[PDB]
Amino acid sequence: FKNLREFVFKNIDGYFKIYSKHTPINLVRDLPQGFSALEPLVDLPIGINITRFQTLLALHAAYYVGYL
Amino acid sequence: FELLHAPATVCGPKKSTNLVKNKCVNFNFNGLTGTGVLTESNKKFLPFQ
Ligand SMILES: *[C@@H]1O[C@H](CO)[C@@H](O)[C@H](O)[C@H]1NC(C)=O
């Protein structure tokens, strides 16, 4: 899977903030080293309190989870 | 008019008074305030900058 979908999710001051970047890769079982900053961002002025995370996945796959 | 801690979204459009160059005028913008000289520059701005 050459496609890497790197996202960042954050809630500050009552808005949901997102980041994204699509970049080709070579390894799928581990994240390769390298630098590529995530310029895109969209602000969602919702005000929703969020403390729990559930991955929404389509069922008729692997992913990583980090913490800031 | 409901305002939240998040950045506001329902804004009010103005008249973006015509712009001039090479003379000291107020350069007040959507987020900037002050006076100065506005010339033409060829910086490589990013789409989100
Ligand atoms: C919910 O978010 C607001 C600001 O968005 C904050 O003031 C409040 O403490 C939060 N409450 C909880 C339970 O996270």
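The rules behind these values
- Residues numbered from 1 in each chain as written, not as in the entry; some residues may be left out.
- Chains lettered and ligands numbered in written order.
- Part of a larger assembly, values for the part shown.
- Heavy atoms only, no water.
- Contact = heavy atoms within 4.5 Å.
- Buried area = accessible area lost by both parts, 1.4 Å probe.
- Salt bridge = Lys/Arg side-chain N within 4 Å of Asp/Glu carboxyl O.
- Nonpolar A, V, L, I, M, F, W, Y, C, P; charged D, E, K, R; others polar.

Header annotation of the entry names cryo-EM as the structure determination method and lists the resolution as 3.1 Å.

Where the PDB entry is consulted, chain B appears under the name Spike glycoprotein, with the organism given as Severe acute respiratory syndrome coronavirus 2. The deposited PDB record carries the title "Cryo-EM structure of SARS-CoV-2 Spike trimer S2D14 with two RBDs in the open conformation".

Per the PDB entry, the recorded name for chain A is Spike glycoprotein, and the organism is Severe acute respiratory syndrome coronavirus 2.

Undergrad: Which residues make up the interface of chain B and chain A, and what values go with them?
TA: Between chain B and chain A, the residue contacts involve eight residues of the former and nine residues of the latter. Interface of chain B and chain A: buried area, both sides summed, is about 630 Å²; carbon and sulfur atoms make up 74% of it. Counting every contact that joins chain B to chain A gives zero salt bridges. Residue composition of the side of chain B that touches chain A, by class: six nonpolar, two polar and no charged.

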